[PDB]
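First up is the structure itself, then whatever we jot down about it.
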Amino acid sequence: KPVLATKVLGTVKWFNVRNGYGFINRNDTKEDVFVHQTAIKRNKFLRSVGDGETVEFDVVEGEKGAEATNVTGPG
RNA sequence: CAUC
């Protein structure tokens, strides 16, 4: 819910489409942030990002820790 | 739905 950062750039460490989640390493802090499938903006569809992709996102405080939201391409 |  609470927004912790906007317009953050990061690289997908891994994203597993069977479990519907993965992690993004933030470029500004080098910390991993959790990314759930629901947090990825709209892309025969499978909501997902690829290992090694650079993405742009917001960081919010979730129940179990910091997580990415509004995940998109960097433009 | 927290390291596949």
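Chain naming here is simple, since letters A, B, ... match the order of the sequence lines and numbering starts at 1 in each. Note: hydrogens, waters and symmetry copies are ignored here, and every other heavy atom, side chains too, is used.
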For residues 16-41 of chain A, the ring pair (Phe, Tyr, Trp, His ring centres under 6.0 Å) pairs (sequence neighbours left out) are A/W14-A/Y21, A/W14-A/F23, A/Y21-A/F34, A/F23-A/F34

With sequence neighbours left out, the residues meeting side chain to side chain contact (heavy atoms under 4.5 Å, CB included) with A/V8 are A/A5, A/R26, A/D28, A/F57, A/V59

Checklist line | side-chain contact (heavy atoms from CB on, under 4.5 Å) evaluation trace for A/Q37 with A/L46 | finding: CA-CA 9 Å; A/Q37 206 168 17; A/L46 178 44; 3.5 Å; yes

A/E31 atom CD is separated from B/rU3 atom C1', nearest whole Å, by 14 Å

Open item on the list: Quick check against the 3.5 Å criterion: does A/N43 have a side-chain atom that pairs as donor or acceptor with the backbone of A/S48?
Closed with: yes

Within residues 48-66 of chain A, those residues having any heavy atom closer than 4.0 Å to RNA chain B are A/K64, A/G65, A/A66

Inset, instruction - Output, in order, the C-alpha distance, side-chain angles, deciding distance and verdict of side-chain contact (heavy atoms from CB on, under 4.5 Å) for A/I24 and A/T11. - result: CA-CA 5 Å; A/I24 301 162; A/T11 67; 5.8 Å; no

Here the distance between atom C1' of B/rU3 and atom CZ of A/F15, to the nearest Å, is 13 Å

Ordered by number, residues from residues 16-26 of chain A within less than 4.0 Å of RNA chain B (heavy atoms) are A/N16, A/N19, A/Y21, A/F23

For residues 63-75 of chain A, the side chain to side chain donor-acceptor pair (under 3.5 Å) pairs (sequence neighbours left out) are A/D58-A/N70

By side chain to side chain contact (heavy atoms under 4.5 Å, CB included), A/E61 pairs with (sequence neighbours left out) A/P2, A/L4, A/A66

Q | CA sep, side-chain torsions, deciding dist, call: A/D32, A/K13, side-chain contact (heavy atoms from CB on, under 4.5 Å) | A | CA-CA 8 Å; A/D32 297 352; A/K13 204 167 73 153; 3.0 Å; yes

Next on the checklist: With the criterion set at under 5.5 Å between ring centres and under 30 degrees between planes, would B/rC4 be stacked on A/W14?
Outcome noted: yes

